[PDB]
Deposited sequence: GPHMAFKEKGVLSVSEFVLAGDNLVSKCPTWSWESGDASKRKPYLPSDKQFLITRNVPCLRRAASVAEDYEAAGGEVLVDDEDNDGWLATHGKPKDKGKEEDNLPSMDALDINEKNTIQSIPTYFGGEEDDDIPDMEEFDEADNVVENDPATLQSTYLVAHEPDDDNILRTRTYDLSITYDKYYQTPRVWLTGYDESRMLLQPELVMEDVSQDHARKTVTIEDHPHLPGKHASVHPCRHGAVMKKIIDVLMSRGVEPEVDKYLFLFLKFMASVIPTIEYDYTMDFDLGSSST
C-alpha cells in the first residue's frame, strides 16, 4: 500500500518485486536471483527471490588503503516488511574475507553476522529492525520538499541511506 509506505516505511512482497525490477532497470549492475531451490520462498517468484550485485570495489576502509571487493545482496524480510542488505567481502587477490573484517568497512558513526536466507555460509548484515523508522523519516522529509515518492522507488531511497552505513563500498543507485 501507499499509505503503509508513507506512515510505516514498509514494503509489500509485490511492491518489493516492483521496486527490485526498477533497481535492475535503472542500475543493471544489480540482478535478480533464484538462490538455493530448497531455500525458496513460495510468496516470491521463483526466479526473483533476492537481488545481488557482484565485484563491487571498496578501495579504502570506512575510517577514511588497500582494495577489497564486495558481493552484496538485498533480501526481503517478511517480518519487518523491509529489504535487508547482506555483504560478502573479498581479498585484494579476490579471496573470501572473514566476516568480522567487513566491520572495518561499516561506518563507526548495528551490524551482525548470520546465515543468509537463500545462500550458504555466514554473512555480515545490517539489521533491518530500524529501517522502517528510517524510511518513514526520509519519506517525511521528501514529502514537504514537494517530492512525493512512490513505492516503486523504495530501493533507490533505501540504498542512498545505506551509503552512510557503508560509505566506501561503491555499488550503484540513481536519484
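Novice: Counting from 1 along the deposited sequence, which stretches were left out of the model?
Specialist: Several stretches lack coordinates - namely 1, 66 to 168, 214 to 217, 284 to 292, in sequence order.
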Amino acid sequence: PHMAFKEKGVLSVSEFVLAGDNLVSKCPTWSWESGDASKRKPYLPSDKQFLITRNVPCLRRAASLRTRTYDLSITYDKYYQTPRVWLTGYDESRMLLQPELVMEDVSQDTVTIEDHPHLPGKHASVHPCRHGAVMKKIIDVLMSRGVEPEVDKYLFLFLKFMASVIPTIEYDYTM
From here on, numbers count along this sequence of modelled residues.
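Novice: Please work out which of 21 to 29 and 8 to 16 has the higher mean CA B-factor as recorded in the PDB entry.
Specialist: The recorded data point to 8 to 16.
Novice: Higher mean Cα B-factor in the deposited model: 44 to 52 or 124 to 132?
Specialist: On average, C-alpha B-factors are higher across 124 to 132.
Novice: Please say which third, lowest, middle or highest, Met95 falls into when its CA temperature factor is compared across its chain.
Specialist: As the PDB entry reports it, the C-alpha B-factor of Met95 lands in the middle third of its chain.
Novice: For the chain shown, is the CA B-factor of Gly146 in the lowest, middle or highest third of its modelled residues?
Specialist: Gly146: CA B-factor falls in the highest third of its chain.
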